[PDB]
Protein chains: 2
Amino acid sequence: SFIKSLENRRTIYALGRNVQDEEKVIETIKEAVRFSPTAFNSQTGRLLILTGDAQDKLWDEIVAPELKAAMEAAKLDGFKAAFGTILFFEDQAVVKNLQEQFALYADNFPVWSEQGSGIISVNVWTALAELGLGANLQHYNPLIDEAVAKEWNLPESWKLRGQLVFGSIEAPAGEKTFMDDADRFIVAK
Amino acid sequence: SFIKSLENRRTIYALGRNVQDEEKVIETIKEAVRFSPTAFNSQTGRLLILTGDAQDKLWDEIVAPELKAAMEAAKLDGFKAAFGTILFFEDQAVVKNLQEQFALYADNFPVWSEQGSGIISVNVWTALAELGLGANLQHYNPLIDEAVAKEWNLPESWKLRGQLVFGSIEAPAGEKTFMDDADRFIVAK
Ligand SMILES: Cc1cc2nc3c(=O)[nH]c(=O)nc-3n(C[C@H](O)[C@H](O)[C@H](O)COP(=O)(O)O)c2cc1C
Ligand SMILES: Cc1cc2nc3c(=O)[nH]c(=O)nc-3n(C[C@H](O)[C@H](O)[C@H](O)COP(=O)(O)O)c2cc1C
Ligand SMILES: O=C(N[C@H](CO)[C@H](O)c1ccc([N+](=O)[O-])cc1)C(Cl)Cl
Ligand SMILES: O=C(N[C@H](CO)[C@H](O)c1ccc([N+](=O)[O-])cc1)C(Cl)Cl
């Protein structure tokens with residue numbers, strides 16, 4: 001059931017490293033992005049997938065110091081304790097090329113790219129949940145962008161949009177409420 | 001298989017009205033939105049679901065004339081021929097309230113709302129594909145926004161983002177290529 005798969009995806013903050021088949025996890029991350037739609041099949045999403053030492057480095061050597069410096073002008077341990085982090089970027093070189101090819105609709109491509117980032121982020125999140133792995137989505141962009149690009153030698157054109165922290169589920173999702181259907185769905189014949 | 005469900009979703013332009021259980025279709029549309037994540041559980045997505053006479057009216061009485069007037073300053077028959085159209089909006093009143101509650105991060109909420117629209121659009125699209133129904137995603141916003149709001153008495157705060165045309169599959173999806181994995185995925189340990 002696709003709907004059941006959607007329901008199974010939740011924000012899990014308590015994450016560990018009890019992950020049995022990392023190769024299968026990577027395969028599924030790639031597939032979830034591969035089969036996601038993007039405007040004009042532009043495929044603007046880019047991923048940096050960090051585990052092990054690189055996972056430790058992101059949180060200890062980049063996020064923590066950047067955040068401290070930012071604040072001046074715990075939760076991090078929880079993120080570090082996870083198995084890995086998937087950093088989602090949108091390739092601005094491709095967006096700019098589309099804007100150049102289709103000037104009358106230049107305003108659309110950044111919007112559709114942003115939508116595209118949401119799309120691939122949740123498809124990956126849901127795919128991970130199907131494997132029994134939890135995840136949560138963070139936003140320490142744009143603070144960490146430069147340091148991340150330098151450390152992993154990323155193209156300047158990759159614009160960081162989100163960081164999906166993932167791993168084994170160590171405690172259940174919290175409670176979550178839903179709006180009244182009547183306030184968000186209108187059906188007319 | 002969640003990945004298989006993703007692969008099964010495609011852009012289908014040749015759509016008909018050979019839909020067996022409209023109530024089940026509506027149920028699934030609602031569920032796909034219900035179980036989609038949004039920042040702060042803000043649930044900013046709003047849907048207008050049109051079938052039958054309302055489907056005819058949208059394309060014949062709103063999109064066609066607006067587009068003509070716009071151009072001055074076929075494909076439409078293909079959209080009209082579908083069973084229905086799901087118009088996706090984002091509730092700007094909720095976005096503004098979040099911006100007010102969290103002023104330091106006011107810039108984030110419009111971005112996350114845009115991502116949210118992508119998220120619910122593709123979750124609905126994929127859910128429909130699981131039922132064997134095809135769909136395609138159009139963007140005649142902002143040209144049709146005012147006329148749509150007036151005809152179906154929608155709140156001013158609903159900002160139209162996309163229109164998912166759906167129905168029975170009358171011809172297969174076209175060919176689609178994929179980028180080289182090496183150009184969009186980096187894995188580091
Ligand atoms: C676009 C987007 C941005 C989000 N931003 C964050 C964030 O920065 N930090 C965080 O902890 N959760 C974040 N969330 C998680 C949402 O708060 C969560 O998805 C929502 O409360 C629904 O709960 P669920 O994921 O368990 O279904 C984000 C979700 C989405 C879709
Ligand atoms: C954010 C977004 C906007 C899109 N805009 C349009 C559009 O306005 N008109 C259209 O015919 N297709 C549109 N598409 C469809 C894409 O071109 C299509 O998803 C892509 O070529 C991949 O093909 P597939 O949907 O068969 O997998 C859009 C897709 C996405 C995700
Ligand atoms: O072709 C364009 N717009 C047409 C006009 O109706 C249409 O809206 C459209 C938009 C996106 C698209 N896509 O993502 O493949 C296809 C057609 C421009 Cl965005 Cl270049
Ligand atoms: O709380 C905020 N930011 C924190 C700071 O780290 C964090 O980025 C966050 C963002 C979104 C979120 N959500 O969508 O529920 C939760 C925490 C503001 Cl956006 Cl109000």
Side-chain angles (χ1 to χ4, degrees), chain A residues 6-13 15 37-44 63 66-67 70 74-76 78-79 88 98-123 125-126 129 134-141 143-144 161-165 172-178, chain B residues 11 13 34-45 63 66-67 70 74-76 79 90 98-120 123 136-144 162-163 174 176:
Chain A
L6 292 186
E7 187 171 11
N8 285 342
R9 182 221 50 81
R10 295 293 305 280
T11 290
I12 304 299
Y13 290 118
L15 295 173
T38 53
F40 283 86
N41 197 33
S42 54
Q43 296 167 76
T44 45
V63 179
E66 289 282 1
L67 192 56
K75 298 205 317 180
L76 298 187
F79 298 138
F88 289 89
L98 288 166
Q99 292 180 301
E100 290 168 0
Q101 184 164 30
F102 305 108
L104 273 58
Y105 302 74
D107 293 346
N108 298 108
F109 294 109
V111 168
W112 293 333
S113 168
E114 203 67 81
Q115 294 174 356
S117 188
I119 288 161
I120 65 172
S121 297
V122 302
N123 280 343
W125 197 348
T126 303
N136 63 79
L137 181 67
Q138 299 309 317
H139 293 94
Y140 289 103
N141 53 288
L143 281 52
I144 65 173
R161 307 315 294 135
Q163 306 87 54
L164 188 67
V165 179
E175 288 165 11
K176 180 178 62 169
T177 61
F178 303 90
Chain B
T11 290
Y13 290 118
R34 185 184 191 83
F35 298 126
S36 294
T38 53
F40 283 86
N41 197 33
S42 54
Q43 296 167 76
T44 45
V63 179
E66 289 282 1
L67 192 56
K75 298 205 317 180
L76 298 187
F79 298 138
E90 287 291 310
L98 288 166
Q99 292 180 301
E100 290 168 0
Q101 184 164 30
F102 305 108
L104 273 58
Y105 302 74
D107 293 346
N108 298 108
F109 294 109
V111 168
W112 293 333
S113 168
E114 203 67 81
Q115 294 174 356
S117 188
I119 288 161
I120 65 172
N123 280 343
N136 63 79
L137 181 67
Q138 299 309 317
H139 293 94
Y140 289 103
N141 53 288
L143 281 52
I144 65 173
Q163 306 87 54
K176 180 178 62 169

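Order of the sequence lines sets the chain letters (A, B, ...), proteins ahead of strands, with each chain counted from 1. Order of listing sets the numbers, starting from 1, for every ligand and every atom in it. Values below: every heavy atom of this structure, side chains too, minus hydrogens, waters and symmetry copies.
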Kindly give the heavy-atom pair with the smallest separation between [X] and [Y], and that separation in Å.
X	Y	answer
B:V111	B:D107	CG2-O, 3.8 Å
B:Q115	A:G118	CB-CA, 3.9 Å
A:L143	A:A70	CD2-CB, 3.7 Å
B:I119	B:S36	CG2-CB, 3.8 Å

Open item on the list: Checking the N or O distance criterion of under 3.5 Å, is ligand 1 in contact with B:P37?
Closed with: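 Among all N and O atoms of B:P37, none is under 3.5 Å from an N or O of ligand 1.
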Open item on the list: Taking distance alone, with N or O pairs closer than 3.5 Å, would you say A:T11 contacts ligand 1?
Closed with: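 Yes, A:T11 has an N/O under 3.5 Å of an N/O on ligand 1.
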Open item on the list: Hydrogens and angles aside, do B:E90 and B:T44 bring a side-chain donor and acceptor to less than 3.5 Å of each other?
Closed with: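 Distance-only check passes for B:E90 and B:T44.
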Which of the numbered atoms in ligand 1 are below 4.0 angstrom from a heavy atom of [X]?
X	result
B:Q115	1 (C)
A:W125	19 (O), 25 (O)
A:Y13	10 (C), 11 (O), 12 (N)
A:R9	24 (P), 25 (O), 27 (O)
A:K176	22 (C), 23 (O), 24 (P), 27 (O)

Open item on the list: Given A:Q163, which partner from the list A:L137, A:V63, A:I144, A:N136 fulfils the side chain to side chain contact (heavy atoms under 4.5 Å, CB included) test?
Closed with: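 The option that passes is A:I144.
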Open item on the list: I'd like to know whether A:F79 forms a side chain to side chain contact (heavy atoms under 4.5 Å, CB included) with A:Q138, so could you lay out the CA-CA distance, the side-chain angles of the two residues, the decisive distance to 0.1 Å, and finally the verdict.
Closed with: CA-CA 9 Å; A:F79 298 138; A:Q138 299 309 317; 3.4 Å; yes
Closest protein heavy atom to [atom], given as residue, atom name and distance to 0.1 Å:
atom	value
atom 3 (C) of ligand 1	A:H139 CE1, 3.3 Å
atom 28 (C) of ligand 1	B:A39 CA, 3.9 Å
atom 20 (C) of ligand 1	B:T38 O, 3.3 Å
atom 17 (O) of ligand 1	B:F40 N, 3.2 Å

When you measure from the side chain of [X] to the backbone of [Y], do you find a donor-acceptor pair of N or O atoms at a distance under 3.5 Å?
X	Y	value
B:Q99	B:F109	no
A:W125	A:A135	yes
A:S42	A:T38	no

Open item on the list: What does the 4.0 Å heavy-atom contact list look like for ligand 4?
Closed with: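 Ligand 4 pocket, heavy atoms under 4.0 Å: B:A39, B:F40, B:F102, B:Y105, B:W112.
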TODO: Examine the proximity of ligand 1 to B:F35 and report which part, side chain or backbone, both or neither, has a heavy atom under 4.0 Å away.
DONE: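 Neither; no heavy atom under 4.0 Å.
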TODO: Tell me which part of A:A173 gets within contact of ligand 1: side chain, backbone, both or neither, using heavy atoms under 4.0 Å.
DONE: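 A:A173 to ligand 1: no contact under 4.0 Å from either part.
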Open item on the list: Given A:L164, A:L137, A:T177, identify the one with the heavy atom nearest to atom 7 (C) of ligand 1.
Closed with: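 The residue whose heavy atom sits nearest atom 7 (C) of ligand 1 is A:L137.
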TODO: Would you please classify the geometry between the A:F178 ring and the B:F35 ring as parallel, tilted or perpendicular, with 30° and 60° separating the classes?
DONE: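 Perpendicular: the ring planes of B:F35 and A:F178 meet at over 60°.
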Open item on the list: Under 4.0 Å between a side-chain nitrogen and a carboxylate oxygen: does that hold for A:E7 and B:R34?
Closed with: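 Looking at A:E7 and B:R34, the cut-off is not met.
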Task: Evaluation steps, side chain to side chain contact (heavy atoms under 4.5 Å, CB included), between A:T126 and A:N8 - done: CA-CA 8 Å; A:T126 303; A:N8 285 342; over 6 Å; no
